[PDB]
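First the structure, in the form of structure tokens, and then the observations on it.
What follows draws every value from the coordinates through simple rules; no lab data is involved. For neighbour counting, all protein chains shown are included, and Cβ atoms are generated from backbone atoms with ideal geometry for every residue, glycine included.
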């Protein structure tokens, strides 16, 4: 990553063993569940196209999964070539060159280059583009390896509403459909798959109540000396 | 916060990717428990609101917990707006503008405004202030996500009293109990549901013991049984 | 390891105690698996040769594997010196001195001289060259301690297609077979050892299908409809 | 109701007793059916607010559903006057008087003014509006008493594509969603385990695969035969 | 639809629901059988887009056929915009404007425009245009489900020829196969699957001949004649 957003000295240093450890844990012990997606981004803060290449190849030994990320990113870079014909003219005073596709994926661009653009003012956002190309790759990984579906997130009979809501919301966040398709699942699916008493409370306040208000009312019914309704 | 570099001139910098890594080891270990808010107190030391929003943004797995925290800010932010009269931008030429709720929360404010507000006369500690909004949001997520009720914590025959006291004080912590409620619970409920080994000594102590005195009576070092809990 | 400056040249710092701890846990957990390579590559971004020697020194386990790797390394160093490999940067440096094989590996070169070569313009990239020579041995230990197995692979009777796709990738990676062969085995053996009712799909897929197009049409095994297992 | 006559001019006729029986027959004897609306539309052609009120109040069966319809048109009539204050600002001779929503629902307007709007040129859609508000009632009454469920319909590994479209679009006559949700539904959601033959067939068709072909796809030896049933 | 009652005719009426119920009977008895297509043209003489939408919406189920029909209509509407570039913003009541594809489909057009294009000088054929695209719809339905096996057909032991060739014909018309194939089937399969004495006398005629000649030649026993009404 880059390790200084102002300072020139020691601008960038190679990846942490905790970043690798915890990367390897999500793709193995959480086994490509949808919570991978937002977690990837929290890892990638200030990551260079090379750091990103390191993250692409460090997905827990899963070689076939490397191929589905890899072919994706490359198609996206080949697309960047279709959208951007090459300027060779005078570069303006203080300005850098504009990246190519093979530059975005770090094949043609120096690591000084990658640092340069990432600390430029206004930024040339190469790592923030490549990581969204990688999440698109990553999204394919989650569909083949984990059978998780927002359709089939179901609240258990003695199950806490907080554990069922955590599953629905992490599964929701990794959908790539629009914000209207998203806002519909929290109105429809979430109320519809809660237990009888919690479903009754969710519709009673209606889904226009805040999540904490929903949450506190749903723990309140499912808390001490509970009734598991038969189904 | 302020650098750790022990050559020359101290200079103010953001939160570091090593610290970001540390927060990720904290989250994916303690996650939502009472045990989060003190680690947070540590790692957010000399943070600006921009760091605080980086601390929020670099969370991965638990997107409900984050929707409740993002939510809890808006309501305290709005409160702040309702508490103070603020006109938009400078009220006078060449003097600083007054903070709004959304400025405390980093959204509507630049980082260059942010270190301005802090170097005002008197100081406006916009981070420190903001950390309180965050911690109420944390306390809300933790109370709901925490799993033991305070009204059903009982000590078995082979359970160490240290382990049961940490679970009781951590259950009284999850539920955000007043000191008046903690002093009454301490006195009452605790003594009762200790095992008869601790309990008959706890009962031999006279009116209004300190928790030190409850431990000195009970302890009773080592055991119960073979190879006691250190968690 | 070498850390980057925003303008100007790379600077050498001492290795992290965790990087060391991480690598040991790597050679305990993954030695006989093709997971040794991406982790080793991950823990040797911006490494010098003394970084690469420190990682090799750190191991106190798996001594017969290190020995095979060491005799292997000397084979491409002796080759270096005799049959003059192609490389980027100076083949006859004027103002500094020819890298030998031993020097690339760092048994006869001081750390200054290695920095000397990597800080050069054009550089002589001694670190990356060495890491290829360790990765040759990493393949060798993976081949010797996990032998031929690509022909014996079958998709299980109850096994989803992607779980056995995921194994075929691991197997074929472990296999070390020629790239004309890798490309045939992905074209026809991947279909050959598959489920029979999934192979009917795979025939309509053809040879030039992506993994994602194949993992989308064919999923789990699936089973008799309208039945229940025997009692 | 109003009859159209030459030059597109409008001429008035009293409500037939046969139209009213016709409407009691569609309400009671095509009860709750989506088909209820288009028949309705064919009964309400040139209807004044008065003819609609007679239509609605003529009916004596199904009074839980006429109640939600009376609540829905009241709400819509009071909504209307927020959005448009009648006769705002400067008053202009030459106008029939503007309809408030209480005139639209026929509550503060007389026959003379009801004829006023519809013999105007261009015709003021007073009765047309009320019908579109009543169809909102009827579509809601349809949703309320339909039996199909959106959490039952999905394509499993034995189901034809047709067989699932028929049921799913049978759902959505009753159950309302956006097209972005319907498109996401057919892309991925309700199709997670969908028929292996259909996948085989869908690939075998190429990049010239049509919806008509995809419906014709998939047959076996259960259910109806292949022999024709239409004289 | 638009009556031809009255001097200088251009007068719209509602469709009678009896007419709607006679259409419920055609589809009850004949489904989508090929002679539903010109009946549907006959039902929709002088009809509007709103009438048509009414006649479509009153159909009993078939929701996969309804979709396939609906997307078929949406592509003819879409190319219709490509074949006639027409534009509009907000629609003005009373104003003669050029119809777009959406206005020809009843989707965007109020009924006064629809009648208004129909009764312009020249009449602009908006009812025709869409009725033609619904007939292409039905014609698509007929392609998919009307064919059944003609190779079933063999003349019964006591069967006269005028029952067996009509039955040949009824199944031949059922199949959607191109004409020159059908001509082939006439000169071969009608003769080859015929009884011994028949096929013989059909080989004496030569099957090249007119159907009057085949009826005269292959003559069988008289009586009432089976009218073909057992299915």
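Taking the conditions exactly as written (without any contact (Cβ under 8 Å) to a residue 60 or more places away in the chain, touching a helix residue (DSSP H, G or I) at 6+ places or on another chain (Cβ under 9 Å) and closer than 25 Å to residue D:35 by Cβ), does residue E:61 satisfy them or not? Here the answer is yes, as residue E:61 does meet what is asked. Here the stretch C:100-116 is the region considered, the condition is being assigned to a loop (DSSP other than H, G, I, E, B) and within 26 Å of the chain's Cα centre (by Cα), and the residue that is nearest to residue C:11 (Cα to Cα) is C:106. Residue D:75 meets all of the listed conditions (1) away from every other protein chain (no Cβ under 14 Å); (2) assigned to a loop (DSSP other than H, G, I, E, B); (3) surrounded by fewer than 17 Cβ atoms within 10 Å (Cβ to Cβ) but one, namely (2).
Taken residue by residue, the stretch B:21-31 has no member that is crowded, with 16+ Cβ neighbours inside 10 Å, over 16 Å from residue B:132 (Cβ atoms), in contact with a strand residue (DSSP E or B) (Cβ under 9 Å, 6 or more places away or on another chain) and without any contact (Cβ under 8 Å) to a residue 24 or more places away in the chain. Residues in the stretch E:1-33 that are in a helix (DSSP H, G or I), more than 8 Å from chain D (Cβ to nearest Cβ) and more than 30 Å from residue E:144 (Cα to Cα): how many? Residues that pass the stated criteria total 1. Got at least one residue in the stretch E:51-65 being more than 9 Å from chain D (Cβ to nearest Cβ), assigned to a helix (DSSP H, G or I) and within 27 Å of residue E:2 (Cβ to Cβ)? Within the stretch E:51-65, one or more residues are more than 9 Å from chain D (Cβ to nearest Cβ), assigned to a helix (DSSP H, G or I) and within 27 Å of residue E:2 (Cβ to Cβ).
To keep it simple, each residue is scored yes or no on (1) closer than 15 Å to residue E:51 by Cβ; (2) buried (at least 18 other Cβ atoms within 10 Å of the Cβ).
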{"site": "E:86", "(1), (2)": "no, no"}
{"site": "E:94", "(1), (2)": "no, no"}
{"site": "E:102", "(1), (2)": "no, no"}
{"site": "E:105", "(1), (2)": "yes, yes"}
{"site": "E:112", "(1), (2)": "yes, no"}
{"site": "E:115", "(1), (2)": "yes, yes"}
{"site": "E:122", "(1), (2)": "no, no"}
{"site": "E:126", "(1), (2)": "yes, yes"}
{"site": "E:134", "(1), (2)": "yes, yes"}
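Cβ-Cβ distances below 7 Å connect the following pairs, each with a first residue in the stretch C:203-220 that is free of Cβ contacts under 8 Å to residues at least 60 places away in the same chain, a second residue that is outside any helix (DSSP H, G or I), and a separation of six or more residues or different chains: C:219/C:160; C:219/D:193. Can you find even one residue in the stretch E:105-122 that is away from every other protein chain (no Cβ under 14 Å) and within 30 Å of residue D:38 (Cα to Cα)? Yes: the stretch E:105-122 contains one or more residues that are away from every other protein chain (no Cβ under 14 Å) and within 30 Å of residue D:38 (Cα to Cα). In the set (1) more than 30 Å from residue A:212 (Cα to Cα); (2) in a helix (DSSP H, G or I), the condition left unmet by residue B:120 is number (2). Can you find a residue that is away from chain D (no Cβ under 14 Å), assigned to a loop (DSSP other than H, G, I, E, B), touching a helix residue (DSSP H, G or I) at 6+ places or on another chain (Cβ under 6 Å) and farther than 21 Å from residue E:142 by Cα anywhere in the stretch E:82-99? Looking for residues that are away from chain D (no Cβ under 14 Å), assigned to a loop (DSSP other than H, G, I, E, B), touching a helix residue (DSSP H, G or I) at 6+ places or on another chain (Cβ under 6 Å) and farther than 21 Å from residue E:142 by Cα, one finds at least one in the stretch E:82-99, hence yes.
Per-residue answers, yes or no, for (1) surrounded by 15 or more Cβ atoms within 10 Å (Cβ to Cβ); (2) more than 17 Å from the chain's Cα centre (by Cα); (3) under 30 Å from residue E:66 (Cβ atoms):
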| site | (1), (2), (3) |
| --- | --- |
| E:151 | no, yes, no |
| E:155 | yes, yes, no |
| E:160 | yes, yes, no |
| E:163 | yes, yes, no |
| E:172 | yes, no, yes |
| E:176 | no, no, yes |
| E:181 | no, yes, no |
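Looking only at residues in the stretch E:34-43 that are away from chain D (no Cβ under 11 Å) and free of Cβ contacts under 8 Å to residues at least 12 places away in the same chain, the one that is nearest to residue E:174 (Cα to Cα) is E:38. Considering (1) in a loop (DSSP other than H, G, I, E, B); (2) more than 8 Å from every other protein chain (Cβ to nearest Cβ); (3) under 23 Å from residue C:7 (Cα atoms); (4) in contact (Cβ under 8 Å) with a residue 24 or more places away in the chain, the lone condition that residue A:46 does not fulfil carries the number (2). Could you tell me whether any residue of the stretch C:191-202 is away from every other protein chain (no Cβ under 14 Å) and surrounded by 12 or more Cβ atoms within 10 Å (Cβ to Cβ)? Among the residues of the stretch C:191-202, at least one is away from every other protein chain (no Cβ under 14 Å) and surrounded by 12 or more Cβ atoms within 10 Å (Cβ to Cβ), which makes the answer yes.
This table checks each residue for (1) within 26 Å of residue A:159 (Cβ to Cβ); (2) free of Cβ contacts under 8 Å to residues at least 12 places away in the same chain; (3) within 14 Å of chain A (Cβ to nearest Cβ).
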| residue | (1), (2), (3) |
| --- | --- |
| B:131 | no, no, no |
| B:137 | yes, no, yes |
| B:153 | yes, no, yes |
| B:172 | yes, no, no |
